[PDB]
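Q: Residue numbers (the deposited numbering), protein chains in the order written: chain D2, 3 to 53; chain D4, 1 to 64; chain DX, 8 to 83; chain DM, 49 to 144.
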Amino acid sequence: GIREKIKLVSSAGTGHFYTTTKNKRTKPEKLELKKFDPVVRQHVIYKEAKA
Amino acid sequence: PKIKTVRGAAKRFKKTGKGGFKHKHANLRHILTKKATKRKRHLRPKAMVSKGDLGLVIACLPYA
Amino acid sequence: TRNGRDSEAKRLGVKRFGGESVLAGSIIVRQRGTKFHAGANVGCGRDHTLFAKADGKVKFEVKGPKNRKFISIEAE
Amino acid sequence: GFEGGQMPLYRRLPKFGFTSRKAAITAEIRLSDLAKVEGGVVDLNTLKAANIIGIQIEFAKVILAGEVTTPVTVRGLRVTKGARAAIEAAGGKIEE
RNA sequence: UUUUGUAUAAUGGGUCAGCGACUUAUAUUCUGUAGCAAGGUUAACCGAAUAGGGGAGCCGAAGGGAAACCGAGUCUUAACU
RNA sequence: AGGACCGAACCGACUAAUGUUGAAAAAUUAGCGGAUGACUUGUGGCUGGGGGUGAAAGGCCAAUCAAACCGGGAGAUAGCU
RNA sequence: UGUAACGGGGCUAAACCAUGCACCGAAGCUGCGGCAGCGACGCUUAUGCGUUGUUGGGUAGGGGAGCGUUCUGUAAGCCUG
RNA sequence: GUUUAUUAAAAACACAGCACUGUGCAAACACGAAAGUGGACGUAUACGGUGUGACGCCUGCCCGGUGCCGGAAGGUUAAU
RNA sequence: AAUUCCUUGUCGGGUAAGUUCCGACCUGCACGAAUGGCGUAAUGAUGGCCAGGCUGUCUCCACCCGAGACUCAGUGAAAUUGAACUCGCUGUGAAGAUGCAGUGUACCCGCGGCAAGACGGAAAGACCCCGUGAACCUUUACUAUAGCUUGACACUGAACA
RNA sequence: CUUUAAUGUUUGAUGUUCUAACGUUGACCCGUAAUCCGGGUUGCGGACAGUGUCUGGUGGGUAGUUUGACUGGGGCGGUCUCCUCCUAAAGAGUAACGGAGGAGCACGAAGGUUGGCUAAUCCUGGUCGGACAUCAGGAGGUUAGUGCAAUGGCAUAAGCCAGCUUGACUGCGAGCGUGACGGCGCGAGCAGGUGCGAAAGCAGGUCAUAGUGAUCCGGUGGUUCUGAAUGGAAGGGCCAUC
Ligand SMILES: [Mg+2]
Ligand SMILES: [Mg+2]
Ligand SMILES: [Mg+2]
Ligand SMILES: [Mg+2]
Ligand SMILES: [Mg+2]
Ligand SMILES: [Mg+2]
Ligand SMILES: [Mg+2]
Ligand SMILES: [Mg+2]
Ligand SMILES: [Mg+2]
Ligand SMILES: [Mg+2]
Ligand SMILES: [Mg+2]
Ligand SMILES: [Mg+2]
Ligand SMILES: [Mg+2]
Ligand SMILES: [Mg+2]
Ligand SMILES: [Mg+2]
Ligand SMILES: [Mg+2]
Ligand SMILES: [Mg+2]
Ligand SMILES: [Mg+2]
Ligand SMILES: [Mg+2]
Ligand SMILES: [Mg+2]
Ligand SMILES: [Mg+2]
Ligand SMILES: [Mg+2]
Ligand SMILES: [Mg+2]
Ligand SMILES: [Mg+2]
Ligand SMILES: [Mg+2]
Ligand SMILES: [Mg+2]
Ligand SMILES: [Mg+2]
Ligand SMILES: [Mg+2]
Ligand SMILES: [Mg+2]
Ligand SMILES: [Mg+2]
Ligand SMILES: [Mg+2]
Ligand SMILES: [Mg+2]
Ligand SMILES: [Mg+2]
Ligand SMILES: [Mg+2]
Ligand SMILES: [Mg+2]
Ligand SMILES: [Mg+2]
Ligand SMILES: [Mg+2]
Ligand SMILES: [Mg+2]
Ligand SMILES: [Mg+2]
Ligand SMILES: [Mg+2]
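1. Look up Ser12 (chain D2) in the DSSP assignment and give the residues it is bridged to.
2. If I'm right that residue 161 (chain DM) touches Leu92 (chain DM) with Cβ under 8 Å, what's the distance once you round it to whole angstroms?
3. Can you tell me the Cβ-Cβ gap for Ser33 (chain DX) and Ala59 (chain DX), rounded? I've got them flagged as a contact below 8 Å.
4. Considering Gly50 (chain DX), what are the terminal residues of the beta strand (DSSP E) in which it resides?
5. Within the same chain, show all residues whose beta-carbon is closer than 6 Å to that of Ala9 (chain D4), passing over the 5 residues directly before and after it, in chain order.
6. Got a sec: is the Cβ-Cβ distance from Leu28 (chain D4) to anything in chain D2 below 8 Å?
7. For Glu68 (chain DX), report the span of its beta strand (DSSP E) as first-last.
8. At what residues does the alpha helix (DSSP H) containing residue 87 (chain DX) begin and finish?
9. Quick one: does residue 71 (chain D4) have its CB under 8 Å from some CB of chain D2?
10. What is the DSSP secondary structure of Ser80 (chain DM), reduced to helix, strand or coil?
11. For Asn48 (chain DX), does the count of other Cβ atoms within 10 angstroms reach 16, so buried, or fall short, so exposed?
12. Run through chain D4 and tell me which residues come within less than 7 Å of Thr22 (chain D2), C-beta to C-beta.
13. In the DSSP assignment, find the unbroken beta strand (DSSP E) run with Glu34 (chain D2) in it and report its ends.
14. Nearest-angstrom Cα distance between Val41 (chain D2) and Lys32 (chain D2)?
15. With a threshold of 6 Å on Cβ separation, who are the neighbours of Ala82 (chain DX) within its own chain once the five nearest residues in sequence on each side are excluded?
16. Quick check on the DSSP output: the beta strand (DSSP E) that includes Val57 (chain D4) runs from which residue to which?
17. With 8 Å set as the bound, which would you pick, yes or no: does the beta-carbon of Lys7 (chain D2) sit closer than that to a beta-carbon of chain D4?
18. Does the CB of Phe66 (chain DM) have a neighbour CB from chain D4 at under 8 Å?
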């Protein structure tokens, strides 16, 4: 409900992604969060993208 | 004539060693972002058909 | 405007009573708030379910200055 | 399968899998089968003649089933760790 | 007969005689029973024809896995307490 | 002269009674309208079933027409009795 | 519609309270005899029989055991002018 | 005049009369996979459709919606 | 008002008395101009109203004449029907009883008559509901389609600008 | 080459003509003592019209079907999923077109952790200031507060700040709860990697309970799977996801 689904993508080469939502209006910039990439088995920066 | 297999059943159940049937869990097809990772984790593995349902499945897979 | 609605009963309540012997993990109470609080060898989950952290016998007690209800588990 | 109108179990739940065309031309051989071939040499050909595997079979694995009481030779067949020991305990030879 | 319930003023039958309704085929499972038994059994056909021949097949003695595959283990998982 | 008047034959069918297991699956009796006209009647022909024909009522199409009749699909289907 | 607001007759208790002891009263209990199911045990086990507890209202329905009809074999047998 | 043969004969249908409107003839329109045919051996003072219903006095306002007639510039637009 | 709900509107006429009829009013619940308005002589087995005559339509029925009905002879059906030794009352009761209870009454059988009951006969209710029944019918419901219409190619060529 | 004309040239567009396809329901001859048909001639039209295949529109003209259930008959009205309280008879559960209400979201902080804090309301005093703003004292004691409905909770705060952060982790999971099933839920603990803290320790979202949609078909990314002679590829499976 106005809250859009986005995917956070692994900054390593893997194509691993977490999925979440965003109020794309009030918080229009790209969400960037450290999370665990299970393919390299290490925590890596993840950066917002479209779904 | 030969009984005809209910084919969508046969595309959803497989018979196991002691005579049961294995099947894939419901609820892991789409609308995923909202579902807890735990719930989806526990739906990945296959499961056994419950007792109440064996009559139905067996009726549908006479050649299993 | 107009009535006619209700929700499913959540089947809450005490699941193992005083003395019942349980293996760890067994839910002892389903509750909304902490009517019973978790005591020794008892855990409290996110919906305030109290559960066993050890094999033993369920033990209800009342402790402390607020006379709160506590559940613990005695080794048997 | 009809359940009164409710979305039935064979629809309720999702489909899975694919069928391997290779599994169907791939067969398993028991140790109890090794003596049943006229000649003490086990190939696909040996086994087909003794009517132990089907004609259209292209691959086979000897499994640890039954026992083996005769030195036997196997060839072009996969052998499980156990089966290899049982054949060899009885003097057999496993050649590719 | 149907029914919560029918002396019911609820249904059917004026009476007799004869006819009148869970069958059959092929599959499939379970029980009983008979054979044989880690085996069991043949189909079409052949035929000296209910014999005998015929073992193409089918079921079973091995499972796990979506599959490759592995195998008394396999899958899961980088790995499993 | 008149889809003119009165009135039999002819054609029709407004009332009433009778009849209603009838004399009759639509009539009888007394009365009633038209009666040279968009009249009436004989023989024979044509129009065929989602089709005909209809001064139109869903009327008529061989005593049952909001889709004729016979045979067929045919043991339609019947969670009803 | 007719006594019709004890079922009736009738009753001053044959009504009401209270006490008491009698008796009637059922397919309930007991008695005599009998059958079956299920047990057990036995005189003695070829599974029957024998003793002996106990059970035996029943719809939908499940289970068991049977009678009897027509037809094949037994049967060129057996009964039958 | 007509009508529901057989529960409705009327205020229903028809009707002359009126209007709208289509039709230039190989007409429109109808029956027909077609050929063929009615229309008509007719030709806009004719033919079809539709609504009104002798006659007398009359028939006002609305084109926004629906329908039809007309339009060619743009926008949108099929096979290709 | 073939239209007016309220409504027997109101007023006037007729009548001894008129929810209708005639005439008016306008407050048209909800007339209105060819899905025609208003009128109209004549016409009509057409609707409403009124009056002369008329009479058994009625007060209120009498008598008579014929055909039946009844008796005798001949022929000789029908619907229906579980079986009947087939009464009344009050009550009971699948809730409206010849059949149960209690009571009252009643000697056996016909014949002519009536229709209160047998929830009398007759047709597996037409109203009402249900069925994931049926059929026609309507439409700016859905999907298709004849038709009508649009254009691309094909049958379909040449020449000059 | 810079430009520019015109002849001469390819295919379109647009015309204007022609005739030889096609039309002729004009006239004529013949088959023929024939208002058919055919062939001939002739005029009239002419690449049009018309027909075939393809295609847009139109199409109740025709056709096949759909058009819900609950319901103190039906219709109208209302209602259909989910959460909370009551009815509910002190475990669970429990009906009604019973009685009240509320959801179909929100938050990258309003999540994690460490450190810290404690409301509401009244009296008295106080510039503008008021019945009520901000300041102070006292009383009070959670009557506050919780992103929101109700109930249950909450000071050890779950209520209010701040710093550092991404555990709103990936793989699993003893053992439980609740369900006809599909499913839903709670869960210590294990592995890997992580945040906060000196540390013991906490963290697998939010005080909990609503905030939702099975299957199929199909999109996107990944992939030691599969790859119809063979190597590839397409399609398929597998993980994620829409
Ligand atoms: Mg998926
Ligand atoms: Mg449904
Ligand atoms: Mg073989
Ligand atoms: Mg009843
Ligand atoms: Mg019953
Ligand atoms: Mg009866
Ligand atoms: Mg009867
Ligand atoms: Mg005349
Ligand atoms: Mg007459
Ligand atoms: Mg006359
Ligand atoms: Mg005739
Ligand atoms: Mg058929
Ligand atoms: Mg039938
Ligand atoms: Mg008395
Ligand atoms: Mg006494
Ligand atoms: Mg006795
Ligand atoms: Mg007894
Ligand atoms: Mg008639
Ligand atoms: Mg009549
Ligand atoms: Mg008219
Ligand atoms: Mg006008
Ligand atoms: Mg236009
Ligand atoms: Mg008047
Ligand atoms: Mg007349
Ligand atoms: Mg006589
Ligand atoms: Mg009776
Ligand atoms: Mg009757
Ligand atoms: Mg009926
Ligand atoms: Mg009926
Ligand atoms: Mg063209
Ligand atoms: Mg239709
Ligand atoms: Mg309903
Ligand atoms: Mg409770
Ligand atoms: Mg209780
Ligand atoms: Mg703290
Ligand atoms: Mg103050
Ligand atoms: Mg540290
Ligand atoms: Mg919070
Ligand atoms: Mg290929
Ligand atoms: Mg290949």
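Every residue, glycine too, gets a C-beta built ideally from N, C-alpha and C.
A: On the basis of the supplied data:
1. As a working mapping, residue 12 (chain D2) is identified with position 10 in the first sequence. Note: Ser12 (chain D2) sits in a beta bridge opposite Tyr48 (chain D2).
2. Residue 161 (chain DM) is absent from the structure shown; chain DM starts at 49 and stops at 144.
3. Residue numbering aside, residue 33 (chain DX) sits at position 26 when the third sequence is read from its first letter. Residue numbering aside, residue 59 (chain DX) sits at position 52 when the third sequence is read from its first letter. Confirmed, about 5 Å.
4. As a working mapping, residue 50 (chain DX) is identified with position 43 in the third sequence. It spans 49 to 51 - the beta strand (DSSP E) in which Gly50 (chain DX) sits, taken as one unbroken run.
5. For the purposes of this step, residue 9 (chain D4) is taken as residue 9 along the second sequence, with counting starting at 1. So the list reads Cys60, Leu61, once near-sequence residues are dropped.
6. By one-based count along the second sequence, residue 28 (chain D4) stands at place 28. By this cut-off, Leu28 (chain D4) is not an interface position.
7. To locate residue 68 (chain DX), count along the third sequence from 1; it is residue 61. Counting along the chain, the beta strand (DSSP E) containing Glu68 (chain DX) begins and ends at 63 to 70.
8. Residue numbering for chain DX in the displayed model covers 8 to 83; residue 87 (chain DX) lies beyond these limits and cannot be assessed.
9. Because residue 71 (chain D4) is not part of the residues shown, which for chain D4 are 1 to 64, the question remains open.
10. In the fourth sequence, the residue the question calls residue 80 (chain DM) occupies position 32. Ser80 (chain DM) falls in the helix class under three-state DSSP.
11. One-based indexing of the third sequence puts residue 48 (chain DX) at position 41. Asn48 (chain DX) comes out buried.
12. By 1-based counting over the first sequence, the position of residue 22 (chain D2) is 20. Under the 7 Å cutoff, chain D4 gives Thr33.
13. Along the first sequence, read from residue 1 onward, the residue named residue 34 (chain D2) stands at position 32. Element bounds for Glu34 (chain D2): 34 to 39.
14. As a working note, residue 41 (chain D2) is residue 39 in the first sequence. As a working note, residue 32 (chain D2) is residue 30 in the first sequence. Roughly 23 Å between the two C-alpha positions.
15. Position 75 of the third sequence, counted from the start, is the residue given in the question as residue 82 (chain DX). Hits under 6 Å: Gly63.
16. On the second sequence, residue 57 (chain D4) is found 57 positions in, with the first residue counted as 1. No beta strand (DSSP E) holds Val57 (chain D4); the alpha helix (DSSP H) holding it covers 54 to 60.
17. Looking up residue 7 (chain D2) in the first sequence gives position 5. Taking Cβ atoms only, chain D4 reaches closer than 8 Å to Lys7 (chain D2), which makes this a yes.
18. Residue 66 (chain DM) sits at position 18 when you count from the first residue of the fourth sequence. Closer than 8 Å: no.
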